[PDB]
DNA sequence: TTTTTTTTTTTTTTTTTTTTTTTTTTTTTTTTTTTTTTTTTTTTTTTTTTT
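In the deposited numbering, the protein residues as written are 90 to 177.
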């Protein structure tokens, strides 16, 4: 089988297509997440000059990336809400 | 030739200045936080247009 993804831009907004049918960003995203690519992570693209700036980042940004890939960023609000409650 | 007198060089002493070194104090750029504003993007209703 063969899949045809698309994305057309209108005005300011952008619309996504699956199998030549208009879809919303979230479901398209979820399909990609099934395929195995975390677009917000940005761990597999390297532009003109960033191959150096892969190494010299401040460690926090690298931790951010490693937290992003690992599906442990969604559990943030849960964490610090529990934190504030228990410290209170 | 020898004796007497003058002048230049060398070297030591001293005094003033300079340099050094640390220490303590001070005040400043640097670094982080928070906010927060802007701008871009988004949505949804309205408007326009088409069959």
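A virtual CB, placed ideally from N, CA and C, is assigned to each residue, including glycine.
What residue range is occupied by the uninterrupted alpha helix (DSSP H) comprising residue i?
i           : result
residue 177 : No alpha helix (DSSP H) contains residue 177, which DSSP labels as neither H nor E.
residue 151 : 148-158
residue 118 : 114-124
Following the continuous beta strand (DSSP E) through residue i, name the residue where it begins and the one where it ends.
i           : result
residue 161 : Taken as a continuous stretch (DSSP letters only), residue 161 belongs to no beta strand (DSSP E), as it is neither H nor E.
residue 104 : 102-107
residue 94  : 94-99
Quick one: residues in its chain with C-beta nearer than 8 Å to the C-beta of residue i, no 5 flanking neighbours on either side, listed in chain order?
i           : result
residue 109 : 93, 95
residue 158 : 127, 130, 132
Is any heavy atom in the ligand GTP found nearer than 8 Å to the beta carbon of residue i?
i           : result
residue 175 : Because no ligand of any kind appears in the structure shown, any question about the ligand GTP cannot be addressed here.
By Cβ distance, which residues of its chain are closer than 7 Å to residue i, with the 5 residues on each side in sequence left out?
i           : result
residue 134 : none
Which residues does DSSP list as the beta-bridge partners of residue i?
i           : result
residue 111 : 106
Using three-state DSSP, classify residue i as helix, strand or coil.
i           : result
residue 167 : helix
Between the stretch 111-131 and the stretch 149-160, do three or more beta carbon pairs fall short of 8 Å? yes
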